[PDB]
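These notes concern the structure reproduced below.
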Amino acid sequence: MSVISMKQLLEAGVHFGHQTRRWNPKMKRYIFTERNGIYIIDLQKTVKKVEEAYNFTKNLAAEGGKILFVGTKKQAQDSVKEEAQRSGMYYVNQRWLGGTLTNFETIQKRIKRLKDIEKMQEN
RNA sequence: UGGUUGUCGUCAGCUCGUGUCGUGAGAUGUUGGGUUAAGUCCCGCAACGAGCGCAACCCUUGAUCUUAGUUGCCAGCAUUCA
């Protein structure tokens, strides 16, 4: 089964891309046509690719994989947090701090710090 | 040479851990928008923190309460050259 129907994708506006002047030639594989100066994403391949992504995530999640939802874009900040909270996963919705993954030890110390201040406030 | 001192200069600066960028020396952080006496503080930001500086902690002066009332003080009380 298609994890998402083309009707839902159309209502969600998945077919809307960016302006022709901002197009990436590598994205040509996923573009269906151009209309009114805006590129339209090929929803037929979109359905197939979304189905693969959902299955991959489910396999990875069943192996205990931790998925981090990242979106600082103003339109996405709220959605990322709400959906991550529902799934019990982590999110970065305000600003990605450089070194969050490559310098994980340094971030953990700051994470530890926050928890200490919380305990001082509660106690 | 040790120890000590002058000097830039009581100027607001000088660095480091990890990360990232650069073939490399390096850079970033520490730049930028406001603000400050100040790298002082806020915000932004491939940076995230830390340290020596800055400020504060110390001394003195300016107000006042408590304790203490002599060798200090004399208002109310008499007396003295005081």
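Labels for the structure tokens follow display order: chains A, B, ..., residues from 1 in each chain, ligands from 1.
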TODO: Find the residues in chain B near chain A: any atom within 10 Å counts, using only C-alpha atoms (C1' of nucleotides). Write them as a VMD selection string.
DONE: chain B and resid 17 to 20 45 to 49
How would the residues just chosen look if you wrote them out with N, CA, C and O atoms (P, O5', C5', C4', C3', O3' and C1' of nucleotides) as a PDB file, in the first residue's frame?
ATOM      1  P     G B  17      44.964  23.557  23.218  1.00  0.00           P
ATOM      2  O5'   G B  17      43.722  22.882  23.944  1.00  0.00           O
ATOM      3  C5'   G B  17      43.912  21.994  25.033  1.00  0.00           C
ATOM      4  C4'   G B  17      42.614  21.348  25.439  1.00  0.00           C
ATOM      5  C3'   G B  17      41.809  20.723  24.314  1.00  0.00           C
ATOM      6  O3'   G B  17      42.260  19.421  23.985  1.00  0.00           O
ATOM      7  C1'   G B  17      40.400  22.101  25.607  1.00  0.00           C
ATOM      8  P     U B  18      42.400  18.972  22.451  1.00  0.00           P
ATOM      9  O5'   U B  18      40.905  18.730  21.965  1.00  0.00           O
ATOM     10  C5'   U B  18      40.098  17.725  22.557  1.00  0.00           C
ATOM     11  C4'   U B  18      38.641  17.941  22.243  1.00  0.00           C
ATOM     12  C3'   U B  18      38.283  18.111  20.778  1.00  0.00           C
ATOM     13  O3'   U B  18      38.238  16.893  20.060  1.00  0.00           O
ATOM     14  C1'   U B  18      37.207  19.778  22.028  1.00  0.00           C
ATOM     15  P     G B  19      38.566  16.869  18.487  1.00  0.00           P
ATOM     16  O5'   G B  19      37.387  17.705  17.819  1.00  0.00           O
ATOM     17  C5'   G B  19      36.049  17.242  17.873  1.00  0.00           C
ATOM     18  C4'   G B  19      35.085  18.252  17.305  1.00  0.00           C
ATOM     19  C3'   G B  19      35.356  18.715  15.886  1.00  0.00           C
ATOM     20  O3'   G B  19      34.935  17.785  14.905  1.00  0.00           O
ATOM     21  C1'   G B  19      34.878  20.581  17.236  1.00  0.00           C
ATOM     22  P     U B  20      35.837  17.522  13.604  1.00  0.00           P
ATOM     23  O5'   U B  20      35.505  18.754  12.650  1.00  0.00           O
ATOM     24  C5'   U B  20      34.171  19.031  12.258  1.00  0.00           C
ATOM     25  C4'   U B  20      34.007  20.458  11.798  1.00  0.00           C
ATOM     26  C3'   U B  20      34.894  20.900  10.650  1.00  0.00           C
ATOM     27  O3'   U B  20      34.393  20.513   9.384  1.00  0.00           O
ATOM     28  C1'   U B  20      34.981  22.515  12.364  1.00  0.00           C
ATOM     29  P     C B  45      21.487  32.844  14.462  1.00  0.00           P
ATOM     30  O5'   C B  45      22.987  32.491  14.045  1.00  0.00           O
ATOM     31  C5'   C B  45      23.554  32.978  12.836  1.00  0.00           C
ATOM     32  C4'   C B  45      25.061  33.060  12.911  1.00  0.00           C
ATOM     33  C3'   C B  45      25.806  31.757  13.191  1.00  0.00           C
ATOM     34  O3'   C B  45      26.032  30.982  12.024  1.00  0.00           O
ATOM     35  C1'   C B  45      26.607  33.441  14.636  1.00  0.00           C
ATOM     36  P     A B  46      25.604  29.433  11.964  1.00  0.00           P
ATOM     37  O5'   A B  46      26.781  28.675  12.720  1.00  0.00           O
ATOM     38  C5'   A B  46      27.996  28.364  12.044  1.00  0.00           C
ATOM     39  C4'   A B  46      29.154  28.233  13.002  1.00  0.00           C
ATOM     40  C3'   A B  46      30.516  28.631  12.435  1.00  0.00           C
ATOM     41  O3'   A B  46      31.324  29.192  13.469  1.00  0.00           O
ATOM     42  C1'   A B  46      30.593  26.385  13.117  1.00  0.00           C
ATOM     43  P     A B  47      31.059  30.690  13.986  1.00  0.00           P
ATOM     44  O5'   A B  47      29.846  30.541  15.005  1.00  0.00           O
ATOM     45  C5'   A B  47      30.068  30.215  16.367  1.00  0.00           C
ATOM     46  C4'   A B  47      29.804  28.757  16.633  1.00  0.00           C
ATOM     47  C3'   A B  47      29.741  28.352  18.098  1.00  0.00           C
ATOM     48  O3'   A B  47      28.447  28.543  18.647  1.00  0.00           O
ATOM     49  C1'   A B  47      31.185  26.880  16.923  1.00  0.00           C
ATOM     50  P     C B  48      28.253  29.013  20.172  1.00  0.00           P
ATOM     51  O5'   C B  48      28.670  27.739  21.021  1.00  0.00           O
ATOM     52  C5'   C B  48      27.947  26.523  20.923  1.00  0.00           C
ATOM     53  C4'   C B  48      28.494  25.502  21.882  1.00  0.00           C
ATOM     54  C3'   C B  48      28.924  26.048  23.232  1.00  0.00           C
ATOM     55  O3'   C B  48      27.847  26.222  24.132  1.00  0.00           O
ATOM     56  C1'   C B  48      30.656  24.729  22.359  1.00  0.00           C
ATOM     57  P     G B  49      28.012  27.210  25.386  1.00  0.00           P
ATOM     58  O5'   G B  49      29.066  26.461  26.307  1.00  0.00           O
ATOM     59  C5'   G B  49      29.959  27.187  27.134  1.00  0.00           C
ATOM     60  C4'   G B  49      31.046  26.288  27.657  1.00  0.00           C
ATOM     61  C3'   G B  49      32.072  26.939  28.567  1.00  0.00           C
ATOM     62  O3'   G B  49      31.625  27.020  29.910  1.00  0.00           O
ATOM     63  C1'   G B  49      33.192  25.758  26.877  1.00  0.00           C
TER      64        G B  49
END
TODO: Identify all residues of range 15-123 of chain A in strand (DSSP E) (DSSP on the backbone) and supply them as a ChimeraX atom specification.
DONE: /A:16-19,31-35,38-41,68-70,90-92
Task: Shell around residue 9 in chain A at 10 Å using only C-alpha atoms (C1' of nucleotides), local window under 4 positions removed, as a list in words - done: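 Once the nearby chain positions are removed, what remains is residues 4, 5, 13, 14, 15, 43, 46 and 47 of chain A.
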Expected answer as a tab-separated table (two decimals) with N, CA and C atoms, in the first residue's frame: alpha helix (DSSP H) residues in chain A:
chain	number	residue	atom	x	y	z
A	6	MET	N	-1.66	10.05	-3.21
A	6	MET	CA	-1.40	11.27	-3.97
A	6	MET	C	-2.40	12.37	-3.63
A	7	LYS	N	-3.65	12.01	-3.31
A	7	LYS	CA	-4.63	13.02	-2.93
A	7	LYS	C	-4.18	13.78	-1.70
A	8	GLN	N	-3.70	13.06	-0.68
A	8	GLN	CA	-3.21	13.72	0.52
A	8	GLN	C	-2.00	14.60	0.20
A	9	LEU	N	-1.08	14.09	-0.62
A	9	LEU	CA	0.09	14.88	-0.99
A	9	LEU	C	-0.32	16.16	-1.71
A	10	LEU	N	-1.30	16.07	-2.61
A	10	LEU	CA	-1.76	17.26	-3.31
A	10	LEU	C	-2.35	18.27	-2.33
A	11	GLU	N	-3.18	17.81	-1.40
A	11	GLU	CA	-3.77	18.71	-0.41
A	11	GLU	C	-2.69	19.33	0.47
A	12	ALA	N	-1.64	18.56	0.79
A	12	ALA	CA	-0.54	19.06	1.59
A	12	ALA	C	0.36	20.02	0.82
A	43	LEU	N	5.01	13.91	-8.08
A	43	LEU	CA	4.35	13.21	-6.99
A	43	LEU	C	4.34	11.70	-7.18
A	44	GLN	N	4.42	11.22	-8.42
A	44	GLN	CA	4.45	9.77	-8.64
A	44	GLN	C	5.68	9.15	-8.00
A	45	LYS	N	6.86	9.73	-8.23
A	45	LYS	CA	8.06	9.25	-7.55
A	45	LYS	C	8.03	9.59	-6.07
A	46	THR	N	7.42	10.72	-5.71
A	46	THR	CA	7.30	11.09	-4.31
A	46	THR	C	6.64	9.98	-3.50
A	47	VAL	N	5.53	9.44	-4.01
A	47	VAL	CA	4.83	8.37	-3.30
A	47	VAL	C	5.76	7.19	-3.08
A	48	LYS	N	6.45	6.76	-4.14
A	48	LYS	CA	7.35	5.62	-4.02
A	48	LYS	C	8.46	5.90	-3.01
A	49	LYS	N	9.06	7.09	-3.07
A	49	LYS	CA	10.19	7.38	-2.19
A	49	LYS	C	9.75	7.49	-0.74
A	50	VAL	N	8.57	8.06	-0.50
A	50	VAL	CA	8.05	8.17	0.86
A	50	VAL	C	7.77	6.79	1.44
A	51	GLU	N	7.25	5.87	0.61
A	51	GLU	CA	6.99	4.52	1.09
A	51	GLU	C	8.28	3.84	1.53
A	52	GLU	N	9.35	3.97	0.74
A	52	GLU	CA	10.63	3.40	1.13
A	52	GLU	C	11.13	4.01	2.44
A	53	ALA	N	11.03	5.33	2.57
A	53	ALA	CA	11.51	5.99	3.79
A	53	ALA	C	10.78	5.48	5.03
A	54	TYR	N	9.46	5.32	4.94
A	54	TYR	CA	8.70	4.86	6.10
A	54	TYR	C	9.14	3.45	6.50
A	55	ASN	N	9.29	2.56	5.52
A	55	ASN	CA	9.73	1.20	5.81
A	55	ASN	C	11.14	1.19	6.41
A	56	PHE	N	12.05	1.98	5.85
A	56	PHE	CA	13.41	2.03	6.40
A	56	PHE	C	13.39	2.49	7.85
A	57	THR	N	12.64	3.56	8.14
A	57	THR	CA	12.55	4.05	9.51
A	57	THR	C	12.00	2.98	10.44
A	58	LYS	N	10.95	2.28	10.00
A	58	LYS	CA	10.35	1.26	10.85
A	58	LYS	C	11.34	0.14	11.15
A	59	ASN	N	12.10	-0.29	10.14
A	59	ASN	CA	13.13	-1.29	10.39
A	59	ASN	C	14.16	-0.77	11.39
A	60	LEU	N	14.66	0.44	11.15
A	60	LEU	CA	15.68	1.02	12.03
A	60	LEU	C	15.13	1.21	13.44
A	61	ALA	N	13.89	1.69	13.56
A	61	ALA	CA	13.30	1.91	14.87
A	61	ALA	C	13.11	0.59	15.61
A	62	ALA	N	12.77	-0.48	14.89
A	62	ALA	CA	12.60	-1.78	15.52
A	62	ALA	C	13.93	-2.36	15.97
A	77	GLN	N	9.54	24.39	12.85
A	77	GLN	CA	9.98	24.28	14.24
A	77	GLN	C	8.93	23.60	15.11
A	78	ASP	N	7.67	24.03	14.99
A	78	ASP	CA	6.62	23.49	15.84
A	78	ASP	C	6.30	22.05	15.48
A	79	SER	N	6.16	21.76	14.18
A	79	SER	CA	5.84	20.41	13.74
A	79	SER	C	6.89	19.41	14.21
A	80	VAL	N	8.17	19.78	14.11
A	80	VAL	CA	9.23	18.85	14.50
A	80	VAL	C	9.10	18.47	15.96
A	81	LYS	N	8.89	19.46	16.84
A	81	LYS	CA	8.81	19.17	18.27
A	81	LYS	C	7.60	18.30	18.58
A	82	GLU	N	6.42	18.68	18.07
A	82	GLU	CA	5.20	17.94	18.37
A	82	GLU	C	5.31	16.49	17.90
A	83	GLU	N	5.81	16.28	16.68
A	83	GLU	CA	5.88	14.92	16.16
A	83	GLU	C	6.96	14.12	16.89
A	84	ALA	N	8.08	14.77	17.22
A	84	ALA	CA	9.14	14.09	17.97
A	84	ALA	C	8.67	13.70	19.37
A	85	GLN	N	7.95	14.59	20.05
A	85	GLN	CA	7.42	14.27	21.37
A	85	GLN	C	6.47	13.09	21.30
A	86	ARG	N	5.61	13.06	20.28
A	86	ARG	CA	4.68	11.95	20.13
A	86	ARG	C	5.44	10.63	19.95
A	87	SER	N	6.51	10.65	19.17
A	87	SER	CA	7.29	9.44	18.93
A	87	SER	C	8.31	9.16	20.03
A	104	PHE	N	30.33	15.85	20.48
A	104	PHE	CA	29.26	15.41	21.37
A	104	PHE	C	29.67	15.53	22.84
A	105	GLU	N	30.93	15.24	23.15
A	105	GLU	CA	31.37	15.31	24.54
A	105	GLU	C	31.19	16.71	25.11
A	106	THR	N	31.53	17.74	24.33
A	106	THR	CA	31.39	19.11	24.82
A	106	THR	C	29.93	19.46	25.07
A	107	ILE	N	29.03	19.01	24.20
A	107	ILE	CA	27.61	19.30	24.37
A	107	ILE	C	27.06	18.58	25.61
A	108	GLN	N	27.48	17.34	25.83
A	108	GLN	CA	27.02	16.59	26.99
A	108	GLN	C	27.28	17.35	28.28
A	109	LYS	N	28.45	17.98	28.40
A	109	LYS	CA	28.73	18.79	29.58
A	109	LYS	C	27.69	19.89	29.76
A	110	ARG	N	27.39	20.63	28.69
A	110	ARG	CA	26.33	21.63	28.78
A	110	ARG	C	25.00	20.99	29.13
A	111	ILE	N	24.70	19.83	28.54
A	111	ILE	CA	23.46	19.13	28.88
A	111	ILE	C	23.46	18.80	30.37
A	112	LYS	N	24.58	18.28	30.87
A	112	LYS	CA	24.72	18.00	32.29
A	112	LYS	C	24.48	19.25	33.13
A	113	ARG	N	25.09	20.37	32.73
A	113	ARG	CA	24.90	21.63	33.45
A	113	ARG	C	23.43	21.97	33.63
A	114	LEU	N	22.66	21.96	32.53
A	114	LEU	CA	21.24	22.28	32.62
A	114	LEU	C	20.56	21.45	33.69
A	115	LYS	N	20.81	20.14	33.70
A	115	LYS	CA	20.15	19.27	34.67
A	115	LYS	C	20.50	19.67	36.10
A	116	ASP	N	21.74	20.12	36.34
A	116	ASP	CA	22.11	20.55	37.68
A	116	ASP	C	21.33	21.79	38.11
A	117	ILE	N	21.14	22.75	37.20
A	117	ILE	CA	20.36	23.94	37.54
A	117	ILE	C	18.92	23.57	37.84
A	118	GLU	N	18.35	22.64	37.07
A	118	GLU	CA	16.99	22.20	37.33
A	118	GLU	C	16.87	21.60	38.73
A	119	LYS	N	17.81	20.73	39.11
A	119	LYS	CA	17.77	20.15	40.45
A	119	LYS	C	17.89	21.21	41.53
A	120	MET	N	18.74	22.21	41.31
A	120	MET	CA	18.86	23.28	42.30
A	120	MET	C	17.55	24.05	42.42
A	121	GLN	N	16.85	24.24	41.30
A	121	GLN	CA	15.57	24.94	41.35
A	121	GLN	C	14.51	24.12	42.07
A	122	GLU	N	14.46	22.81	41.80
A	122	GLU	CA	13.46	21.96	42.46
A	122	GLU	C	13.75	21.81	43.95
Task: range 24-40 of chain B environment, 7 Å, only C-alpha atoms (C1' of nucleotides), sequence neighbours closer than 5 positions dropped, as JSON, numbers by chain - done: {"B": [12, 13, 47, 54]}
- [ ] Would you work out the distance separating CA of residue 63 in chain A from CA of residue 2 in chain A, expressed in Å to one decimal?
- [x]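 Atom-to-atom, CA of residue 63 in chain A to CA of residue 2 in chain A, that is 23.3 Å.
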Task: CA of residue 75 in chain A to CA of residue 21 in chain A, straight-line distance in Å - done: 22.0 Å
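CA of residue 92 in chain A is positioned 5.0 Å from CA of residue 70 in chain A.
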- [ ] Quick one: everything within 12 Å of residue 27 in chain A, counting only C-alpha atoms (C1' of nucleotides), minus sequence neighbours fewer than 6 positions away in the same chain. Send it as a ChimeraX atom specification.
- [x] /A:17-18,20,33,39-42
Could those selected residues go to a file with N, CA and C atoms, as an mmCIF file, in the first residue's frame?
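Dumped to result-v6.cif:
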data_model
loop_
_atom_site.group_PDB
_atom_site.id
_atom_site.type_symbol
_atom_site.label_atom_id
_atom_site.label_comp_id
_atom_site.auth_asym_id
_atom_site.auth_seq_id
_atom_site.Cartn_x
_atom_site.Cartn_y
_atom_site.Cartn_z
ATOM 1 N N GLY A 17 7.282 23.351 -5.502
ATOM 2 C CA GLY A 17 8.700 23.476 -5.310
ATOM 3 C C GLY A 17 9.118 24.918 -5.119
ATOM 4 N N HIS A 18 10.379 25.193 -5.433
ATOM 5 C CA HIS A 18 10.894 26.553 -5.446
ATOM 6 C C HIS A 18 10.892 27.139 -6.856
ATOM 7 N N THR A 20 12.020 28.677 -10.449
ATOM 8 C CA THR A 20 12.906 28.110 -11.462
ATOM 9 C C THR A 20 14.338 28.607 -11.311
ATOM 10 N N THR A 33 7.024 18.884 -14.066
ATOM 11 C CA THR A 33 6.901 19.920 -15.082
ATOM 12 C C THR A 33 7.056 21.268 -14.391
ATOM 13 N N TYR A 39 8.602 25.241 -10.225
ATOM 14 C CA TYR A 39 8.785 23.824 -10.516
ATOM 15 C C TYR A 39 7.864 22.968 -9.658
ATOM 16 N N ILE A 40 7.221 21.996 -10.299
ATOM 17 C CA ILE A 40 6.315 21.063 -9.645
ATOM 18 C C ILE A 40 7.045 19.743 -9.441
ATOM 19 N N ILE A 41 7.015 19.231 -8.215
ATOM 20 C CA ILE A 41 7.709 17.992 -7.884
ATOM 21 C C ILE A 41 6.881 16.816 -8.380
ATOM 22 N N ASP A 42 7.563 15.782 -8.868
ATOM 23 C CA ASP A 42 6.896 14.612 -9.437
ATOM 24 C C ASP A 42 6.313 13.759 -8.320
#
